[PDB]
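So the structure is just underneath, and the comments pick up after that.
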Amino acid sequence: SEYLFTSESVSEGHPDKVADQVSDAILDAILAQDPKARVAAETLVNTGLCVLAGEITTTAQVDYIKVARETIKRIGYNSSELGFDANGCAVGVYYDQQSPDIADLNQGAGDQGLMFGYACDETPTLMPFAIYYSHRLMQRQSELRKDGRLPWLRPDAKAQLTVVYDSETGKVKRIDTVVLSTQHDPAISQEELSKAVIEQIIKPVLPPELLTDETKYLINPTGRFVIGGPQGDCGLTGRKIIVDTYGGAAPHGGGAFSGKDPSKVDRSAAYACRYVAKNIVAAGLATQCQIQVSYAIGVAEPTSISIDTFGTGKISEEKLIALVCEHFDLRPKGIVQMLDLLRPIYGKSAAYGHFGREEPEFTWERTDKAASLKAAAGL
Amino acid sequence: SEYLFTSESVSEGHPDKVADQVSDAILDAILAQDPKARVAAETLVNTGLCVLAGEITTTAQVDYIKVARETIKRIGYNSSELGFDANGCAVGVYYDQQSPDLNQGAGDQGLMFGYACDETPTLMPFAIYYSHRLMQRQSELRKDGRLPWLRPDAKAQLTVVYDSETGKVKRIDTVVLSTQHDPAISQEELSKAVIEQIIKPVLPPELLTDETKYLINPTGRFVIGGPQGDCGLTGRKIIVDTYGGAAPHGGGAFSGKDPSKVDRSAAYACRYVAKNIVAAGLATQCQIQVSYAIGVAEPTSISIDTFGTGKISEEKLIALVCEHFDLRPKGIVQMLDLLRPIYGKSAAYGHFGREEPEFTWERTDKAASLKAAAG
Ligand SMILES: Nc1ncnc2c1ncn2[C@@H]1O[C@H](COP(=O)(O)O)[C@@H](O)[C@H]1O
Ligand SMILES: [Mg+2]
């Protein structure tokens, strides 16, 4: 009668997310000076280490080492006690120029590849339930840390949500398990930590009606969590792509987002697909919607597009594809104009998810086409 | 009536794949001496650069630089002209290296996915299966000198047309293939050679119609390649590594991780289950979702979607799964005999859908028992 689904998120202090944030901080720094820059910035962090590598073509004059250090500092890795310290880490710059062999609305894609977008009616921002609330658990951890309301919190943290679904209706019934692990100063006991995490992080974020007497709260299940981040651990750009998107509720095409300028369809087409699927759901034309597109390097129009409403569509998926092609320009330059992407808006996207946050920067979360799609379908 | 679906693959010379292959070659070298080793080996490649980083707990004594250079050499990066050269690149080792129950419970809440279907001989979705084959063919003709101007780095992408109610492939709509090459060959000669000698020998002839589009090196030149043209990282091809987007993915990368990482071992077991169900004829399309709870060894929940193709009920398939497979985290290691240097081959051309003897999770060795048990 019921089935389980689990998703997870990680804080801005997780080593993979540190690498993502450094990559997009560098992207933003470049885009502030040179909106047309070509950027493919990869980051590896490890013990005392931040390697910057990849291909950049720009007129911007950016101090990459200072930007990387400032990013790590603002995440919270700025004191000796934490092992990893922006003041005492080596930053090495190994950037190349962009390959000339790789290098107006009909300009070609930067690469081949496939991309998925998704939306559903499970949450206020039209996200699947488990990833939406997993991200908000980590954001809440970060919020309390940075303003000092829980001053013993440290940067690295992880959340997991196991949710019980009704097999027939498909709706969320209850939350089965919450897992919350957080780094912390060594002087706080696990018991004090657990009580504060439940009162201040878990209960203020999750819907009260879905926390029952059967809900399991697993706080720091492996014990104390004093050292974290890149101290004795490695982080890499693009190693949290499922956390970054829909948490396993939808397929993924494989491309990472962070460190890539908006001419990389890996990022821009994934954002467009979210925008398309979200406006279809906000238009009331489906309660679940999934889209796949693909490109060929050096071709403008997508080599394929498909839409699935999983039986919830009020019109055929054929008709929806026609609506989409009339209302959205999915050529790479069309997407950039559609979403106003040539702006230093990406640093915030690189932790706590690229989708489901209706921030002014995140144009692909706007539902400004829903009404137009609703009327155009005859509804 | 019909819909499109697209997947892609890359050759062993793609820089993300170079990093995966170095990571798992190092894993294999460690496991050969120390089957119980803990390994989390991350690789970054760029111009003249191979960075080795991560955590290793082993008694093995491995020359990591030599293993990395030999792997890069075997891939074909043998000249500074390519910006990446096994003999001349810098290899830097940053590993934090330390020296050092079937009912052990899980350490994380887990959701893992596995998938199989009857679309291809090894029971894989069509698009990913043939994209891998396109890339292996490129590698093969480069290595045996039939097309000596080929260089290691290449990608392929297939857009396939499916029937909306049948679920069967009806034709191939678009084939994309980009390959690195020696500068001297013209694009006209390269394109003809790729179509006639790589694409046509690999794809089913009856699915290549007059409407099939061929896009070969659509940039117009592909001399610069490998890590110089594109920085490569371990774990950046996880969809290439699995089902090409035909099934959801839970998140984690495979290469560089020993089998104690459920990101790798549980993904392998889920594929093993789904493949054997399909090979038992109990379904023509099968997605399994397996849940774990912290501190519980046996899975807490199993879902099996046969998409209306199941010959018995989902409840009955789940009962057969629980009886015929050990899905406990350490039971999987035993069931698939995973503590062996078998991973280097998995790190290019897909972890799933190849019936190499190393790949215990691709054996259909339980299909006859399943079909027998179902009736
Ligand atoms: N001039 C080119 N034409 C076609 N493909 C290329 C060219 N230069 C690089 N590539 C490929 O594009 C890949 C990018 O794949 P990824 O970034 O992993 O999606 C590179 O690793 C190369 O295999
Ligand atoms: Mg990549």
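By the numbers in Swiss-Prot, the shown part of chain A spans 2-104, 114-389.
The deposited model was determined using X-ray crystallography, 2.1 Å.
Quick reminder: no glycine exception, Cβ is built from N, Cα and C everywhere.
Quick look at what Swiss-Prot lists:
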| type | residues | note |
| --- | --- | --- |
| BINDING | A:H15, A:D166, A:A167, A:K168, A:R234, A:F235, A:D243, A:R249, A:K250, A:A266, A:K270 | ATP binding site |
| BINDING | A:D17 | Mg(2+) binding site |
| BINDING | A:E43 | K(+) binding site |
| BINDING | A:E56, A:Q99, A:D243, A:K274 | L-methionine binding site |
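Overlay of Swiss-Prot annotations on the structure.
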residue	record	CB count, 10 Å
A:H15	ATP binding site	28
A:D17	Mg(2+) binding site	24
A:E43	K(+) binding site	28
A:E56	L-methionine binding site	22
A:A167	ATP binding site	28
A:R234	ATP binding site	13
A:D243	ATP binding site	24
A:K250	ATP binding site	26
A:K270	ATP binding site	27
A:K274	L-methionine binding site	22
Quick one: 9 residues missing from A:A104 to A:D114, so how many Å between their CAs? 15
What's the CA to CA span in angstrom from A:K274 (L-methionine binding site) over to A:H15 (ATP binding site)? 25
Residues satisfying Cβ distance under 8 Å from A:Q99 (L-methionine binding site), sequence separation of at least 6: A:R39, A:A41, A:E56, A:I57, A:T58
For the L-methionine binding residues given in the record (A:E56, A:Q99, A:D243, A:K274), what is the largest pairwise C-alpha separation in angstrom? 30
A:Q99 (L-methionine binding site) - helix vs strand vs coil (DSSP): coil
Roughly how many Å separate the Cα of A:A167 (ATP binding site) from that of the residue listed as 'Mg(2+) binding site', to the nearest whole number? 12
Hey, of A:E43, A:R234, A:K250, A:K270, which of those binding-site residues are within 10 Å of the residue listed as 'Mg(2+) binding site', Cα to Cα? A:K250
Using a Cβ cut-off of under 8 Å to chain B, which of the binding-site residues A:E43, A:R234, A:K250 qualify? A:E43, A:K250
May I ask you to report the DSSP-based helix, strand or coil state of the residue listed as 'Mg(2+) binding site'? helix
Given the ATP binding site residues A:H15, A:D166, A:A167, A:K168, A:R234, A:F235, A:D243, A:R249, A:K250, A:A266, A:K270 in the record, what is the largest Cα to Cα distance, rounded to whole Å? 36
Alpha-carbon spacing, A:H15 (ATP binding site) to the residue listed as 'K(+) binding site', which is rounded to whole Å: 16
For A:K270 (ATP binding site), the three-state class that DSSP assigns: strand
